[PDB]
């Protein structure tokens, strides 16, 4: 053979094409190395299965805030990257941010954010403005309905799309990420009640997606791809999603300027965003080819390589020498406070799972059962407290 085959386990499905191009560039420069890019459905569950078996892919796209990364890093599943030369290319101290036992196990090239995509053209046309408060967000939705347009595209079949929305609902209601987890995670069993002012505020924010005529027809069974199409064609004026979606929206070739805005707080200047490492790689500690795996990770840290990724993806990067877009970019509003205190880490950093949080979030948008949602939250968080 002479050549060596390593595996990269990808979870960035929106960026598959570009990542395969980068991989092909790496292979052209490293003839003795072949990289197998894996894009399997239910990737998180497949990864969990493979880690338990000890069949860890050479390079793994794992989110560095996840309970998986934390637990697997402690178990010695991943290579210690603390003293790698290429790690100096990571700024914002972003690699050290997700350190486990004060050791780096993941290279977070980019950070994802969450907000509301909006149609700039239609907003200007209808005389609408970006909301700065909850009340203004309520009124914005109502004004759009009154003008005979659909405010939101919601992927009712994909509950994960509203993960960031409800997390920011709690974040803005409490005052931040730590305050949100104090109410939800580190509270007493069955502490979350309907009568709680924080819970009332959460419902108020969630009820923005329940305003009369706020969602598109057949939203209940609509998917992530469907909603991307709906927004891109201009069928809906807004869609709540992460910064991961913009690349897919751009691919649909919209006939308008795209903007984003952060989910506002109760008052002006209380808006927040949520996210962590997006394109974030870890190396197997039991890789048969550690030199090749490190070489693949090193390649991605190069400024001319990340620039190629960034120009398609668009999410904020922590890599040195990468030219980032200005204030005219679609993600400008969502990613204005990237790598600051207003950019809090995913709340499931301190949870055992997140799937059920997605479910209860979307189930409320489907039903409007307030007590049911309160009940769902307690049923989700109680097992973690014991």
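Residue numbers count along the first chain shown, from 1.
- The mean C-alpha temperature factor is higher for 195-203 when 195-203 and 112-120 are set side by side.
- In this crystal structure, the stretch out of 278-286 and 83-91 whose C-alpha atoms carry the higher mean B factor is 83-91.
- Across the options 190, 239, 225, 247, the residue with the most elevated CA B-factor in the record is 190.
- The entry lists a Cα temperature factor for residue 258 that places it in the middle third of the chain's modelled residues.
- In the PDB entry, residue 69 places in the middle third of its chain by CA B-factor.
- Residue 61 sits in the lowest third of its chain by CA B factor, as recorded in the PDB entry.
- Compared with the other modelled residues of the chain, the Cα B-factor recorded for residue 354 ranks in the lowest third.
- The PDB entry assigns residue 106 a C-alpha temperature factor belonging to the middle third of its chain's modelled residues.
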